[PDB]
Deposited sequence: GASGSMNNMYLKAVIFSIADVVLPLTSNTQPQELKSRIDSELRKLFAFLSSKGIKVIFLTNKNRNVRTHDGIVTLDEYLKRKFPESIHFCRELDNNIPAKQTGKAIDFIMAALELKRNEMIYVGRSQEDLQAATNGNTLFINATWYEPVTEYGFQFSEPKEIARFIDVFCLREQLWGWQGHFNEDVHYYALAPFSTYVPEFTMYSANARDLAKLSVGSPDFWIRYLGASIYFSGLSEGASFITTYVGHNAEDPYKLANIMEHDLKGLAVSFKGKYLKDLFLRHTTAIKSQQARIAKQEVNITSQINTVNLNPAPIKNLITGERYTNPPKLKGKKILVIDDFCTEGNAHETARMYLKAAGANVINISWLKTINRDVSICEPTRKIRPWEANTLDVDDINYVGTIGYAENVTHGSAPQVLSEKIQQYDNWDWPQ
């Protein structure tokens, strides 16, 4: 098991608090779905924790009861860590209540996730470096994605992405600074399979499917630890380089929030159109660089006034396809030149294609255009495909995983 406990907060999750003008049938439906979720978790051996501050009064049809009485009668198979009832529990928003639960239940930090909605619970989860599961069935969120609109979505996320032994279908390392991960193997029989149309929706899967796959694998693998930045690469056409980022921006913002990191949508610039390749690697190197003024505030559009501080910072680079690695290696080359610690993550790894690892013989000016000759490339090694496929991973599983996700329903 990767996931051994799910923490639930109360406000706008178990009980609607912000509003008292909700659809009259919704609270009963949510209670029914929460019981299904908790029973599902129990059936998988996963503990249900309520983490609360006050043993607040709760109005019921029969009268007022305490929160502990309410939870124990409605959701008896649970663990209620309530600060008002136990002075040993640290203040939630410090993050240290996570440390308390880890010790009390003898669990690792990334053996738990944290379902909440309020800003106070977002801080409790993220300051405790636990994955935040943003529950939006009582209070909507418009600023970013990676949301869970009803309790069934949490069970679907867990069942599809969190219970399998293999979080990555392919992964490899080279020297001490090259780290490649891919969610699933991929093989096709057409020459240039597109993930999205020329002029936008995805062709394979969906934004919610991929962000949930990414979130689970990055988190339960331990790979999110210490990540400061998440970014995407750029398409080959300088006139339209952000088609993937544009589709995934909403959800990548939400994943960054949940990781206590920052999503830099336009850290990479495609200043000139290149040959599509993921072909000599100079085609990539000579047509991209780092943006010295990326968007700092995706709400306002305000840009950094000085280049982001990347030295010694861990950055997750996410792309859709990895074939021979020309895109990821170029992304790594620029970020490494700026002093960052780079993780290269792909949705899909093309089968029977090896990744050539490259290092420049000449110095890179990472924040502006560079023009390298083919002789300026040192091919230092290879992360092969066959040698690094994880057990049970085949190009046939992605189809089955999307089908399982798209048609998911409560089991019997």
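- prompt: Quick one: where does the model skip the deposited sequence?
  reply: Gaps in the modelled chain, taken against the deposited sequence, lie at 1 to 8, 208 to 211, 291 to 298.
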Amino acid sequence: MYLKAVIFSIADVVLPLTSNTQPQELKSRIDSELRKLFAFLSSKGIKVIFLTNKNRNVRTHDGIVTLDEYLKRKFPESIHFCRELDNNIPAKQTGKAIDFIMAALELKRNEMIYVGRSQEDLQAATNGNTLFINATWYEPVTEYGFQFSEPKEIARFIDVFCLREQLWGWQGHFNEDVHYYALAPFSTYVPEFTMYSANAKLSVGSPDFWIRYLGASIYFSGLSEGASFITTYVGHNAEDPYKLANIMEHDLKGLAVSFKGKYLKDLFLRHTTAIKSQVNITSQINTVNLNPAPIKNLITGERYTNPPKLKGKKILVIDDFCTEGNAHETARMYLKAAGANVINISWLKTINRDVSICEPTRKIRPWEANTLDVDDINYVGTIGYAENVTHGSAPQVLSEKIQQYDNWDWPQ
From here on, numbers count along this sequence of modelled residues.
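field: 79 to 87 or 303 to 311, whichever carries the higher mean Cα B-factor
entry: Result of the comparison: 303 to 311.
- request: Mind pulling up the entry and telling me whether 380 to 388 or 341 to 349 has the higher mean Cα temperature factor?
  value: Averaged over C-alpha atoms, the B-factors run higher in 380 to 388.
message: For the CA B factor values reported in this entry, which option in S258, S149, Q119, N297 has the top one?
response: In the PDB entry, the greatest C-alpha B-factor among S258, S149, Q119, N297 is found at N297.
message: Looking at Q284, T231, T272, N175, which one carries the largest C-alpha B-factor according to the PDB entry?
response: That would be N175, according to the entry.
- request: Among all modelled residues of this chain, ranked by Cα B factor, put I133 in the bottom, middle or top third, i.e. lowest, middle or highest.
  value: Bottom third by C-alpha B-factor.
- prompt: Taking the entry's C-alpha B-factors for this chain, is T194 in the lowest, middle or highest third?
  reply: Ranked within chain, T194 CA B lands in the highest tercile.
message: Taking only the Cα B-factors deposited for this chain, tell me whether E329 sits in the lowest, middle or highest third.
response: Answer is middle: the recorded C-alpha B-factor places it there.
- prompt: Considering only modelled residues of the same chain, in which third does the CA B-factor of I49 rank: lowest, middle or highest?
  reply: Within its chain, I49 is a lowest-third residue by C-alpha B-factor, going by the deposited values.
query: Lowest, middle or highest third of the chain for the C-alpha temperature factor of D375?
result: Highest third, going by the recorded CA B-factors of the chain.
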